[PDB]
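S.K.: fold the following.
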Amino acid sequence: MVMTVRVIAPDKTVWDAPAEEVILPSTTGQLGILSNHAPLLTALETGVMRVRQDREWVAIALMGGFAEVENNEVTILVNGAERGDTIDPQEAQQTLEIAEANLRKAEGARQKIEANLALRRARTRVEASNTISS
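M.R.: Residues are numbered from 1 along each chain as shown. Here you go, the structure:
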């Protein structure tokens with residue numbers, strides 16, 4: 001009746017929310033994953049995708065990974081991602097501070113990238129590990 005997309009990481013699982021239409025840039029440039037969309041595998045690079053639940057929109061920021069849909073079942077195997085809704089103020093200031101220091105003397109922009117995905121996988125790992133402990 002609808003689409004079902006779920007994000008997953010090599011360190012743990014993210015979540016599995018519903019959907020209706022997925023539009024985002026891919027290898028060929030344009031990619032459209034729907035619920036009725038037959039079972040096919042695809043690849044995606046570091047970027048963000050726009051999810052269409054039904055009436056509202058939901059965009060997620062995930063690094064380099066792989067995407068594959070099948071029978072209303074999408075699998076995003078990214079090596080570290082993050083949701084725009086799960087963003088904190090301390091984080092932005094943290095990544096900005098460490099970044100400035102990295103480029104200062106440490107490695108160049110390459111350092112910020114490595115640390116970017118690192119924290120991404122760490123955050124999801126924490127929320128996935130201690131999601132709910134009674």
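S.K.: list the beta-bridge partners for the most centrally placed residue in the chain.
M.R.: Note on the chain: the residue nearest the mean C-alpha position is residue 62, at 2.5 Å, using C-alpha atoms, centre = their mean. The partner list for residue 62 in beta bridges (DSSP bridges) reads residue 47, residue 81.
S.K.: return the distance of residue 103 relative to residue 96.
M.R.: For residue 103, the distance to residue 96 equals 11 Å [C-beta to C-beta, to the nearest Å]. C-beta coordinates here come from the backbone N, C-alpha and C atoms, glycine included.
S.K.: please apply the same query to residue 1.
M.R.: According to C-beta to C-beta, residue 1 stands 44 Å off from residue 96.
S.K.: higher neighbour count, those two?
M.R.: residue 96 (11 against 5; other C-beta atoms under 10 Å).
S.K.: got the domain ranges for the protein?
M.R.: 1-88, 89-134 (curated CATH domains).
S.K.: list the residues that contact the residue nearest to the centre of the chain.
M.R.: 7, 44, 46, 47, 48, 49, 76, 78, 80, 81, 82 (C-beta atoms under 8 Å, 6 or more residues apart in numbering).
S.K.: let's see it at 7 Å
M.R.: Taking C-beta atoms under 7 Å, 6 or more residues apart in numbering, we find residue 62 in contact with 7, 76, 78, 81.
S.K.: ok, the first one touching residue 81?
M.R.: Right, the one you point to is residue 7. Yes. Using C-beta atoms under 7 Å, residue 7 is in contact with residue 81, at 6.1 Å.
S.K.: that's a helix at residue 27, yeah?
M.R.: No. Secondary structure of residue 27 (DSSP: H, G, I helix; E, B strand; the rest coil): coil, not part of a helix.
S.K.: not counting its neighbours along the chain, what's nearest it?
M.R.: Nearest non-adjacent residue to residue 27, counting by C-beta to C-beta, 6 or more residues apart in numbering: residue 43, 5.7 Å away.
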